[PDB]
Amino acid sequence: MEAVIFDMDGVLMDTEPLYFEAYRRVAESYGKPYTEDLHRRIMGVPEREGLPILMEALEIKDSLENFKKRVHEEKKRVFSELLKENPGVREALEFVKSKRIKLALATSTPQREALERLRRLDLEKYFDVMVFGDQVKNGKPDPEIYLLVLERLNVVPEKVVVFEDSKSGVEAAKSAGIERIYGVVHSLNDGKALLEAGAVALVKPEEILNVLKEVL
């Protein structure tokens, strides 16, 4: 194998579970309550259209610009306080480096934002190549992002392993010609959609290390 490629969010660390607390703090800053029942529904749509809905749902009287800024502030605080690396992922990154194999990161998250997170978690130092969502024209499921990772690594897709956590991520890597895609899951029985998109197996973050020991 010549390289191992990781998605960031949902593999190296998980931000999705902290969204409730971030949005709860926003509501609280305006003297408003917030429920998981509303939040579960708010999360079924992109944040761009989700935020304005949240503001009106909560009967908040502010400009959207001011609201978005508060959301920005509360996410920083929450992530800074509570975002931690997933168990076993550091050992997995250390293992790839121990084999003198190249290590790459691919994420839909824009560069500046993504680097802040990785730096706080001290995971940035492992990677040889990192590609971010603002570095391609069309994002997942378009294969552009994985094609650029392959380009920057200067490796053929049949010699890389990818750890992905979304349907669109798996589709993108597969469309780029990469076959060895593992779907990273977080709960009792999620992951069917990743397998249907072409993942060759499901793994928890803690199981990634043993996968690498098997395939590298």
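In this text, residue numbers run from 1 along the sequence as written.
Peer 1: Which wins on mean Cα temperature factor, 82-90 or 105-113?
Peer 2: Higher of the two, by average CA B-factor, is 82-90.
Peer 1: Which has the higher mean CA temperature factor in the PDB entry, 169-177 or 57-65?
Peer 2: Per the PDB entry, the higher value belongs to 57-65.
Peer 1: Out of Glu28, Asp37, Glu164, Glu151, whose C-alpha atom has the biggest B factor in the entry?
Peer 2: The listed residue with the largest C-alpha B-factor is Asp37.
Peer 1: Per the entry, which of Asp142, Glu73, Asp134, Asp128 tops the list for Cα B factor?
Peer 2: Most elevated C-alpha B-factor of the set, per the entry: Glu73.
Peer 1: By the record's CA B-factor, is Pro157 among the lowest, middle or highest third of residues in the chain?
Peer 2: For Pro157, the deposited C-alpha B-factor lands in the middle third.
Peer 1: Sorting by Cα B-factor within the chain, modelled residues only, which third would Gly191 end up in: lowest, middle or highest?
Peer 2: CA B-factor rank for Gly191: middle third.
Peer 1: Grab the CA temperature factor for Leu51 from the record and place it in the lowest, middle or highest third of its chain.
Peer 2: It falls in the top third of the chain.
Peer 1: Comparing against every modelled residue in the chain, figure out the third that the C-alpha B-factor of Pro33 lands in (lowest, middle or highest).
Peer 2: Middle third.
Peer 1: Which third, lowest, middle or highest, does the C-alpha temperature factor of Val184 belong to within its own chain?
Peer 2: Lowest third - that is where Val184 ends up once the chain's C-alpha B-factors are sorted.
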